[PDB]
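To start, the structure itself, in structure tokens.
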Protein chains: 2
Amino acid sequence: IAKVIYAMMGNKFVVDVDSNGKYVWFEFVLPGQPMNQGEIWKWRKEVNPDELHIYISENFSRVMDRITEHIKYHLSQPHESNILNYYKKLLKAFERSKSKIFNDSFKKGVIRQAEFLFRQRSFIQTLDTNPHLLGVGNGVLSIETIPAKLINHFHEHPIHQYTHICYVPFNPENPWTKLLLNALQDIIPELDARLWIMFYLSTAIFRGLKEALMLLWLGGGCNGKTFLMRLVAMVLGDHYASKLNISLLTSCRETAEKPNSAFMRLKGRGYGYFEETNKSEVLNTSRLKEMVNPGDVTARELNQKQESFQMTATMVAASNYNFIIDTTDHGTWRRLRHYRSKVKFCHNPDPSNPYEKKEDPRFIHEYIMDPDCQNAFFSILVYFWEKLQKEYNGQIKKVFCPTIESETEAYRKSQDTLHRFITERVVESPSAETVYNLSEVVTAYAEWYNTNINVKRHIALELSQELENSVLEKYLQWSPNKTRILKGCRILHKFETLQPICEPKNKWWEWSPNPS
Amino acid sequence: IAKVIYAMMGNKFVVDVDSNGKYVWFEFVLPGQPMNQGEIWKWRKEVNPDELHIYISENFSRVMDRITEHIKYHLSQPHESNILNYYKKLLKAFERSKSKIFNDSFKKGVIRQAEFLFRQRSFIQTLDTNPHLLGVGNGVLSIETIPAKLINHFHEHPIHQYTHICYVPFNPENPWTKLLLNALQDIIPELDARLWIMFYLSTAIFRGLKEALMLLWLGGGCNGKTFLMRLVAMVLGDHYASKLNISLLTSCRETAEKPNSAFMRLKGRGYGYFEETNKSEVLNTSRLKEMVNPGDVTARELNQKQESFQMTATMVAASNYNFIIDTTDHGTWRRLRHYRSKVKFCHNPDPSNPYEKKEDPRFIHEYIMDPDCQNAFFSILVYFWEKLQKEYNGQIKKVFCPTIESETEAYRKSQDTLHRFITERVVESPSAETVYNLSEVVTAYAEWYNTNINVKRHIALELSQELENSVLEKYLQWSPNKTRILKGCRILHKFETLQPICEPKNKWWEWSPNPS
DNA sequence: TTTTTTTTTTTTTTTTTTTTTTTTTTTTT
DNA sequence: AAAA
Ligand SMILES: Nc1ncnc2c1ncn2[C@@H]1O[C@H](COP(=O)(O)OP(=O)(O)O)[C@@H](O)[C@H]1O
Ligand SMILES: Nc1ncnc2c1ncn2[C@@H]1O[C@H](COP(=O)(O)OP(=O)(O)O)[C@@H](O)[C@H]1O
């Protein structure tokens, strides 16, 4: 029967071997059959095929009946004795064998035999490999061409994961679309920054390789954060987006004994966000380069082994407090972006202040669980992604935002404790002073850092190189003992310093050819 | 049935026993059969024989037909009564068992029985033992002789692991080959160093015993590092190369109850690298001698037993910051090599400066996932390896490079704290200097090192010996109490002052004549 | 306070059992 | 038609 069953549904069941070696089945659902919500036109995993057993027992019996009536007909026609005896023996044997198809053990054996024919090599590892296909509640969305196309019929693309958000073409006249656009515009007034943030967030749908970017934006509190940042994750669903933990960035270099189980996250997921923390924290300068770069990343999670994989997911970090970055290498400080929210939300609006408005808690308590709002947001996001693709050819760095890369470099001017310490505690001594050797500078810098920013361990040797790299390079002399000495300085302790764009008409999403 | 089946394909299936005692099957992939990308002409592991199960019922069935008609022929020829009755009984017995080959349990029993016949003793442990054979996407490559031979037909070498890179003969006229050669030449201008690094990197393909070499090379940042370091590992693939963690080189020593997993790596992997992680880490002189020697290394792993394997892998290291190496024995510092980059890459070129170049991000963001570049890079690598084999008889110590082994000894001059301290703080005694008891100099040197390099603990015993090993041996006296007193030493505690080649035309890969 | 973390690794499954047997109708009485 |  296995061959006949393969003839039955060669287009509705696929058998594949998992990592553990247990064969698993996958079936292509069709409309009008018992099923979950929003999986139509998608493959679904399965362990013990029920539809197969039902089809074997019910539909397959019709063919047996056809065989039986064919035997009836050929026995009816006149013939010779020997052929009639042969037909009678064949009929008796076939009737004896007919009832076996309803037996449980026979059906199980048939299934075990048939799982070999249904096998299709290279099916698990090709699942969801194409980054241009997204599973949606009403079918599949392909972003390969412009415009994106919705497929809701038979196809051959092996997609298994999905989101339960139905897609509709971007309609600006939808009331919820209008509400979302107005709220988003009110969240951040700058049009260039608005377009830049929307463009950056649009790339989350893509799951292939992306440019090495880092986005972090900081505010006082009660701002637009955690509203759209959580809304994007809710729209994308758990399958394609995932929340992270800030401990992934604040943790020191754990030993090989520690099985860091959060590194295995982001596998396949194209968007990850760090929720607002509770205190100002300090980066380790590790877990940054490997979390920004598009190269291979690998780590063991828990009671398993080192596994390499590609990490491709847009990152966002929002905190009410401030961050700590301590480095000046051009490798970093170049794949990072910082923004600061200029708006505030409170119950009683302050008149004549455009940078403060009445907060509506209804945006957070509800408006997330409404499917219509999620559908409108998804349409807006796909429209923005199509805009980016048709304008800058998928190059996020190409787009221009004057406010960005200016506030970013302004922040880069901060987070430099060494230069600030030099300006605070070093002055141009004309004469009547010594060379101070070299250890005094690192010692004073260490104690000032402990008593001004935070207490932490320091290495005396490493601080020297930036000391030459600092502005004190001109007053950095050599020594007959082949050491580095300082000059033209006084080391001070207390404060005894005395020792002589535009706006759109009615639509901003329509955008202007030159960056608006 | 099992004997006949063993006669069917005794040249396509091999049964062996793993460590756990479970029998496993291996199948020889041939062209024109279902198979994943790039495993042609190579053995593949298998758990539950599939093609065997199909062959039992499809091709083998015909054989019984050849028997059946034969009986009819003998039944057709006229003979005695008894022989005809014998043939009738034979046919009646045989027809009722003809269909038995389709039963699932019968097939499983036949497979279980034939498991013994197909067994080939000493097959798993002899897999990939030959180091001259590599599995490539279009067959197998043998580096046994010169030129290397690409086998793409039947053979008998038991290889199972492979890389998915198709091999082509080295052609300089390929555009990717020219681009890679130009970029690599630009990465490090020095011809001798370029040839030496290419020669060293060529040995990653070999998997047998290698020379005890540890190459490390530093740079300011945004350099050629992490580009070819990742490129080589990508080209080799996960099977023959893997990434390690710098923790293995900074952890002091893990004690018992250790779930060591990264230590027990490098099973056959001939290439190892460390990306630029941490900020100016420290070495404690452990985990180098066993990580440089060609000796056997033994380790356990999670729910495993402590097993010993021959560690053979070309090791490379690169960082933006400085290392801390503290030892002076001739055994070490002899299996080490140092290099430093001399170029910088940035978005704003400096004209007339040969040591600055416009960096091309495309080299990283892409050019890795393109197979066309990978094939050319592999061809370059194998060509360089064959050049080394024909020139220096496979020995990397005999190759000539003046810049290397000169900058390396220059680095060895650094990382010597005792010499620097001696010619920084202690000078010859002018007058009124005593014996200073014993080990007071190293006692002060402890705090000097803590305030100058880094904080750590010290032991007086070994530190005493290097004082004799230092230049201060001449100014060391014996004492009536049989103690090593220190004479002729000022022991100063202040900073104010002491108290009284060439390049070819256009083909560097041509290697130039023997001096090169 | 930081340091070992202590508990997560180890157990503990797993998964037993159905397999079959019998019958078996027809053949043989 | 009942027993192997
Ligand atoms: N465009 C908007 N108009 C009015 N109210 C808003 C708007 N965006 C957000 N809000 C409200 O302001 C509050 C902001 O709080 P929250 O998002 O927690 O700030 P933060 O994330 O910065 O801590 C939310 O409860 C939300 O209901
Ligand atoms: N020979 C070259 N010519 C032009 N650009 C290069 C060359 N080598 C590297 N680059 C570019 O310069 C950048 C250097 O960055 P990276 O390799 O990360 O340096 P590092 O590893 O020292 O931080 C790379 O992104 C690469 O695109």
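Just so we're on the same page: first chain in the structure tokens is A, next is B, and so on; residues restart at 1 for each chain, and ligands are numbered from 1 in the order they show up.
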Exercise. Got a sec to check which residues lie within 9 Å of ligand 2, using only C-alpha atoms (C1' of nucleotides) and all ligand atoms, and send them as an MDAnalysis selection string?
Worked result: (chainID A and resid 329:332) or (chainID B and resid 180 182:188 218:229 275:276 318:320 341 344:346 357:366)
Write to file, as a compact mmCIF listing (two decimals), in the first residue's frame, the residues of the selection just made, with N, CA and C atoms.
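Now in out.txt:
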```
# COMPACT_ATOMS: atom_id res chain seq x y z
N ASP A 329 38.79 53.38 20.26
CA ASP A 329 39.16 52.70 19.03
C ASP A 329 38.14 53.00 17.93
N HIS A 330 38.64 53.18 16.71
CA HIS A 330 37.76 53.45 15.58
C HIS A 330 36.95 52.22 15.18
N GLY A 331 37.38 51.02 15.58
CA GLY A 331 36.58 49.84 15.33
C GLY A 331 35.21 49.93 15.99
N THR A 332 35.19 50.30 17.27
CA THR A 332 33.97 50.70 17.93
C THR A 332 33.77 52.20 17.73
N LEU B 180 42.16 39.41 -4.95
CA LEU B 180 42.66 38.92 -3.68
C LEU B 180 44.16 39.11 -3.57
N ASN B 182 46.02 41.42 -5.05
CA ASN B 182 46.29 42.84 -4.85
C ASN B 182 45.95 43.27 -3.43
N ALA B 183 44.79 42.86 -2.92
CA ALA B 183 44.39 43.25 -1.57
C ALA B 183 45.36 42.69 -0.53
N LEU B 184 45.77 41.43 -0.69
CA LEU B 184 46.69 40.83 0.26
C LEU B 184 48.06 41.50 0.20
N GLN B 185 48.51 41.86 -1.00
CA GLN B 185 49.76 42.61 -1.12
C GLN B 185 49.66 43.96 -0.42
N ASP B 186 48.52 44.64 -0.57
CA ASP B 186 48.33 45.92 0.10
C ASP B 186 48.26 45.78 1.61
N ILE B 187 47.76 44.64 2.11
CA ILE B 187 47.57 44.47 3.55
C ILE B 187 48.91 44.58 4.28
N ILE B 188 49.92 43.88 3.79
CA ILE B 188 51.27 43.97 4.36
C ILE B 188 52.28 44.18 3.23
N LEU B 218 50.16 42.04 16.10
CA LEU B 218 49.36 43.11 16.69
C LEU B 218 49.24 44.28 15.73
N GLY B 219 48.30 45.17 16.04
CA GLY B 219 48.09 46.36 15.24
C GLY B 219 47.29 47.38 16.01
N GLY B 220 47.29 48.61 15.49
CA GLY B 220 46.56 49.68 16.14
C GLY B 220 45.06 49.47 16.10
N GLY B 221 44.53 49.06 14.96
CA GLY B 221 43.11 48.86 14.78
C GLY B 221 42.70 49.19 13.36
N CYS B 222 41.55 48.65 12.95
CA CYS B 222 41.04 48.81 11.59
C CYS B 222 42.11 48.46 10.57
N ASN B 223 42.65 47.25 10.70
CA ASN B 223 43.75 46.77 9.88
C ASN B 223 43.31 45.53 9.11
N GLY B 224 44.27 44.88 8.46
CA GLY B 224 44.00 43.63 7.77
C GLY B 224 43.57 42.50 8.68
N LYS B 225 43.77 42.64 9.99
CA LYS B 225 43.37 41.60 10.94
C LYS B 225 41.87 41.35 10.86
N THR B 226 41.47 40.16 11.32
CA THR B 226 40.08 39.73 11.41
C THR B 226 39.39 39.66 10.06
N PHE B 227 40.11 39.95 8.97
CA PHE B 227 39.59 39.75 7.63
C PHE B 227 40.03 38.42 7.04
N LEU B 228 41.35 38.22 6.90
CA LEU B 228 41.85 36.94 6.44
C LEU B 228 41.80 35.90 7.55
N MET B 229 41.89 36.33 8.80
CA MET B 229 41.76 35.41 9.92
C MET B 229 40.41 34.71 9.90
N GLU B 275 40.02 35.88 17.83
CA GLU B 275 39.66 37.22 17.41
C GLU B 275 40.11 38.24 18.46
N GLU B 276 40.09 39.51 18.07
CA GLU B 276 40.57 40.57 18.94
C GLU B 276 39.57 40.87 20.05
N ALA B 318 45.90 37.52 17.12
CA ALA B 318 45.97 38.92 16.75
C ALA B 318 45.13 39.73 17.73
N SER B 319 45.64 40.91 18.09
CA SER B 319 44.94 41.78 19.02
C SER B 319 45.31 43.23 18.73
N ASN B 320 44.44 44.14 19.16
CA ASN B 320 44.71 45.57 19.05
C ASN B 320 45.52 46.10 20.21
N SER B 341 51.59 45.16 12.65
CA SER B 341 51.13 45.79 11.42
C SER B 341 51.73 47.19 11.28
N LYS B 344 47.32 51.56 8.35
CA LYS B 344 46.05 51.96 8.96
C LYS B 344 45.03 52.19 7.86
N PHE B 345 43.77 51.86 8.15
CA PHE B 345 42.69 51.99 7.19
C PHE B 345 41.61 52.89 7.77
N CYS B 346 41.19 53.88 6.99
CA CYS B 346 40.20 54.85 7.44
C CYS B 346 39.48 55.44 6.24
N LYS B 357 45.56 53.69 3.80
CA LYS B 357 44.80 53.27 2.63
C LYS B 357 43.31 53.42 2.91
N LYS B 358 42.53 53.64 1.86
CA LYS B 358 41.08 53.71 2.04
C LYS B 358 40.53 52.31 2.27
N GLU B 359 39.95 52.08 3.43
CA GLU B 359 39.40 50.76 3.75
C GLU B 359 38.16 50.45 2.93
N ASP B 360 38.00 49.20 2.52
CA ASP B 360 36.82 48.80 1.76
C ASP B 360 35.94 47.87 2.58
N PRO B 361 34.89 48.42 3.20
CA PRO B 361 34.02 47.61 4.06
C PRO B 361 33.46 46.37 3.36
N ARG B 362 33.30 46.45 2.04
CA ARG B 362 32.76 45.32 1.29
C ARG B 362 33.58 44.07 1.55
N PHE B 363 34.86 44.24 1.85
CA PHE B 363 35.72 43.10 2.14
C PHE B 363 35.17 42.29 3.30
N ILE B 364 34.54 42.96 4.26
CA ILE B 364 34.01 42.27 5.43
C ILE B 364 32.52 41.99 5.30
N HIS B 365 31.72 43.05 5.14
CA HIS B 365 30.28 42.87 5.05
C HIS B 365 29.91 41.80 4.03
N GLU B 366 30.68 41.70 2.96
CA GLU B 366 30.48 40.67 1.94
C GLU B 366 31.86 40.19 1.52
```
Problem set entry | At most 7 Å to chain A: residues in chain B, only C-alpha atoms, as a ChimeraX atom specification | /B:34-36,50,104,221-222,247,259-260,277-278,423-424,451-454,495
Selection export as an mmCIF file, in the first residue's frame, atoms kept: N, CA, C and O atoms:
```cif
data_model
loop_
_atom_site.group_PDB
_atom_site.id
_atom_site.type_symbol
_atom_site.label_atom_id
_atom_site.label_comp_id
_atom_site.auth_asym_id
_atom_site.auth_seq_id
_atom_site.Cartn_x
_atom_site.Cartn_y
_atom_site.Cartn_z
ATOM 1 N N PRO B 34 19.893 11.027 -4.889
ATOM 2 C CA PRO B 34 19.577 12.103 -3.939
ATOM 3 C C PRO B 34 20.688 12.275 -2.915
ATOM 4 O O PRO B 34 21.120 11.314 -2.273
ATOM 5 N N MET B 35 21.144 13.516 -2.762
ATOM 6 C CA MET B 35 22.306 13.835 -1.943
ATOM 7 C C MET B 35 22.416 15.345 -1.792
ATOM 8 O O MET B 35 22.073 16.098 -2.708
ATOM 9 N N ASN B 36 22.885 15.772 -0.623
ATOM 10 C CA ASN B 36 22.967 17.188 -0.288
ATOM 11 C C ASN B 36 24.065 17.842 -1.126
ATOM 12 O O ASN B 36 24.753 17.194 -1.917
ATOM 13 N N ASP B 50 18.122 3.185 4.407
ATOM 14 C CA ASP B 50 16.944 3.472 3.597
ATOM 15 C C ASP B 50 17.051 2.841 2.212
ATOM 16 O O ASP B 50 16.250 1.968 1.854
ATOM 17 N N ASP B 104 7.116 -5.882 6.788
ATOM 18 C CA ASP B 104 8.040 -4.962 7.445
ATOM 19 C C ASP B 104 8.917 -5.684 8.462
ATOM 20 O O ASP B 104 10.134 -5.471 8.509
ATOM 21 N N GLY B 221 44.532 49.059 14.962
ATOM 22 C CA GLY B 221 43.107 48.855 14.780
ATOM 23 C C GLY B 221 42.700 49.192 13.360
ATOM 24 O O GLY B 221 43.384 49.923 12.643
ATOM 25 N N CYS B 222 41.551 48.653 12.951
ATOM 26 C CA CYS B 222 41.039 48.815 11.592
ATOM 27 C C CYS B 222 42.111 48.458 10.565
ATOM 28 O O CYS B 222 42.454 49.245 9.682
ATOM 29 N N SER B 247 39.463 33.187 26.670
ATOM 30 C CA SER B 247 39.411 32.721 28.052
ATOM 31 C C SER B 247 40.352 31.548 28.276
ATOM 32 O O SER B 247 40.998 31.461 29.327
ATOM 33 N N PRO B 259 34.029 20.788 33.799
ATOM 34 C CA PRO B 259 33.328 20.463 32.550
ATOM 35 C C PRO B 259 34.053 21.004 31.320
ATOM 36 O O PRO B 259 33.467 21.693 30.484
ATOM 37 N N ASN B 260 35.345 20.695 31.218
ATOM 38 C CA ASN B 260 36.178 21.239 30.153
ATOM 39 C C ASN B 260 35.669 20.791 28.791
ATOM 40 O O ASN B 260 35.603 19.592 28.504
ATOM 41 N N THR B 277 39.706 40.168 21.169
ATOM 42 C CA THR B 277 38.816 40.323 22.307
ATOM 43 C C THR B 277 39.585 40.857 23.508
ATOM 44 O O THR B 277 40.819 40.834 23.545
ATOM 45 N N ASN B 278 38.825 41.345 24.491
ATOM 46 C CA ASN B 278 39.349 41.914 25.730
ATOM 47 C C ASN B 278 40.240 43.123 25.459
ATOM 48 O O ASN B 278 40.464 43.497 24.303
ATOM 49 N N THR B 423 67.538 48.956 35.252
ATOM 50 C CA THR B 423 67.990 50.210 34.652
ATOM 51 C C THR B 423 66.881 51.258 34.646
ATOM 52 O O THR B 423 66.659 51.956 33.657
ATOM 53 N N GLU B 424 66.175 51.372 35.764
ATOM 54 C CA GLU B 424 65.323 52.517 36.064
ATOM 55 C C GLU B 424 65.491 53.024 37.486
ATOM 56 O O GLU B 424 65.447 54.237 37.708
ATOM 57 N N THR B 451 52.615 49.451 40.697
ATOM 58 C CA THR B 451 52.276 50.825 40.353
ATOM 59 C C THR B 451 52.667 51.202 38.931
ATOM 60 O O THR B 451 52.328 52.306 38.489
ATOM 61 N N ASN B 452 53.362 50.330 38.208
ATOM 62 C CA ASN B 452 53.816 50.642 36.859
ATOM 63 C C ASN B 452 53.185 49.772 35.784
ATOM 64 O O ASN B 452 52.883 50.274 34.698
ATOM 65 N N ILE B 453 52.975 48.483 36.044
ATOM 66 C CA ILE B 453 52.435 47.558 35.050
ATOM 67 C C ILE B 453 51.068 47.022 35.469
ATOM 68 O O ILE B 453 50.059 47.298 34.816
ATOM 69 N N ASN B 454 51.012 46.271 36.565
ATOM 70 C CA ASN B 454 49.776 45.635 37.002
ATOM 71 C C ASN B 454 49.993 45.079 38.401
ATOM 72 O O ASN B 454 51.129 44.874 38.835
ATOM 73 N N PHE B 495 62.708 59.981 41.167
ATOM 74 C CA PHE B 495 62.661 60.155 39.724
ATOM 75 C C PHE B 495 63.400 61.389 39.227
ATOM 76 O O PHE B 495 63.488 61.583 38.010
#
```
Problem set entry | All residues 9 Å or closer to residue 490 in chain B, only C-alpha atoms (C1' of nucleotides), same chain fewer than 3 positions away omitted, as a list in words |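 Near neighbours after the sequence-gap exclusion: residues 425, 426, 427, 428, 429, 430, 431, 432, 433, 434, 487 and 499 of chain B.
Residues with any atom within 12 Å of residue 515 in chain B, counting only C-alpha atoms (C1' of nucleotides) and excluding same-chain neighbours fewer than 5 positions away, are residues 191, 192, 195, 391, 399, 400, 401, 402, 501, 502 and 503 of chain B.
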Problem set entry | Residue set, range 41-253 of chain A restricted to alpha helix (DSSP H), as a PyMOL selection string | chain A and resi 50-57+61-76+81-98+104-117+175-187+191-202+228-240+247-250
Problem set entry | chain A contacts on chain C, only C-alpha atoms (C1' of nucleotides), 9 Å, as a PyMOL selection string | chain C and resi 5+8-9
Seminar exercise, completed: Using only C-alpha atoms and all ligand atoms, the shortest atom-to-atom distance to ligand 1 among A:230, A:418, A:316, A:283 belongs to A:230
For this session: Would you mind writing down, as number ranges by chain, each residue of range 309-501 of chain B that DSSP on the backbone assigns to strand (DSSP E or B)?
Result: B: 309-310, 314-319, 336-340, 344-346, 356-358, 428, 477-478, 484-485, 489
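Proximity to ligand 1 was assessed for A:311, A:5, A:491, A:181 counting only C-alpha atoms and all ligand atoms; the smallest distance is recorded for A:181.
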For this session: Show which residues sit within 8 Å of range 55-62 of chain B, as a PyMOL selection string. Count only C-alpha atoms (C1' of nucleotides), and ignore same-chain residues fewer than 4 positions away.
Result: chain B and resi 5+51+66+101-102+107
